[PDB]
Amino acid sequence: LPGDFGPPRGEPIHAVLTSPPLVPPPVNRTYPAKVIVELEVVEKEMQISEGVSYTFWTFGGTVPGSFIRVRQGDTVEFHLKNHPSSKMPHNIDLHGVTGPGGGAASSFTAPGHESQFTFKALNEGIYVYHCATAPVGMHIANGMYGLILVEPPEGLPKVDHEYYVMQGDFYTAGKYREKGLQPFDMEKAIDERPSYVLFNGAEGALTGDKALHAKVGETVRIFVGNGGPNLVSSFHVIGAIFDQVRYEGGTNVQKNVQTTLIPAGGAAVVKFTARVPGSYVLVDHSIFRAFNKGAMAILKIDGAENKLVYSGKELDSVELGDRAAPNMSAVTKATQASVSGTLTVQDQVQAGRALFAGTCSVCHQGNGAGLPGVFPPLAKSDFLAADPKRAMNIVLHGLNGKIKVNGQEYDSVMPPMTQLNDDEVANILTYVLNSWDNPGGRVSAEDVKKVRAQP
């Protein structure tokens, strides 16, 4: 057989698993071992977006699940526990396992139980693991996937950083950024029409203050999975190139590519060398996923600029939108205050401030000044103040034709923004009204609901 390094030697090893985006250290071992893996399924509510809860089903309490790292030829004794608070039964299929279901029929586990099975890791590579419990699509859609690395016997070449990034498509009853606890939507899942496409199980999981880091001159290896369930990732790094891309345990290694297709259920190891400082964006280049459904992660490189290689500036809200900023915690706070019935004007203003970035600032500027004759001002805007109800209709339904703002004529087009939720329009407009010497007061989600219902 391949990976035939004889029976386990040394002492049994209790595998150290890591939560995303971190990876366990290299096994750093010259002999095959008995590796004991203990993984516990937890079902739990987490925020899939600010003020949006979802009941995830997880391996080890995270999406993706805990990272497993073994050596080709190891004997893996796999213990799957299902937490007693679980409502569903669960199991595991590991890609790279030689045997039926990749472990599925020997890991079937009711709430409060444990199952175990043993496999030899014959196949070197990076592999997806996921739940394989009927209905399989529902279990995977809820977050039940992760990566197992089977190292080659000599180990992978040393790098400065190893990170763990996994794409998933998600199906909520509600629309993108519609607030509240969102049920799984089986109709959207069967139709392959996700409301969110994410890295590491949430909007902003790898942006702002949760960006991945490295320094100019350092090597980064990223273990990249695609849990699906349904989508194929046009996986891409903005502003850089992959030194290498290797799929699963394939003999083929592609070098010097920027855009690579990762199948649903697929995985790849990519290598990046940091050359110049700034934010390097990992996306699904099926662009509405990256820029309208959440599929953007950041590798932030710190170090000296090299003007001979790139003379230009770090990214801002023009490219990264409301994910340029460290976090949108103000949106979470305002959503919680709406639920409690304690929502203040200032709660709305700080939420609107976070949401205004990119969404409105690309044309009206971060300071609401616009560009005289080209983009009208929101700062001290006579037009805004004259009719707050018209302002709600402009965000929902757009505006075109000649207008006069602060003594100047505009003859341009503001596209409609009907995909903004009622709370988002209300918070953005309350921010604008309470900024730049505008008249203050507030716009409520309920105000916007009535305007949406009759344009």
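Just count from 1 along the sequence shown to find any residue number.
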*Would you tell me which stretch averages the higher CA B-factor in the PDB entry, 341 to 349 or 287 to 295?*
341 to 349
_121 to 129 or 301 to 309, whichever carries the higher mean Cα B-factor_ = 301 to 309
*Among 199, 272, 164, 170, which residue carries the highest C-alpha B-factor recorded in the PDB entry?*
272
*According to the PDB entry, is the CA B factor of residue 395 in the bottom, middle or top third of its chain, that is, lowest, middle or highest?*
middle
*Taking the values exactly as deposited, rank residue 95 by C-alpha B-factor within its chain and report the matching third: lowest, middle or highest.*
lowest
*Third assignment of residue 193 from its chain's C-alpha B-factors*: middle
_Considering every modelled residue of the chain and its Cα B-factor in the PDB entry, is residue 382 in the lowest, middle or highest third?_
middle
_Lowest, middle or highest third: which one holds residue 208 when the chain's residues are ordered by CA B-factor from the entry?_
middle
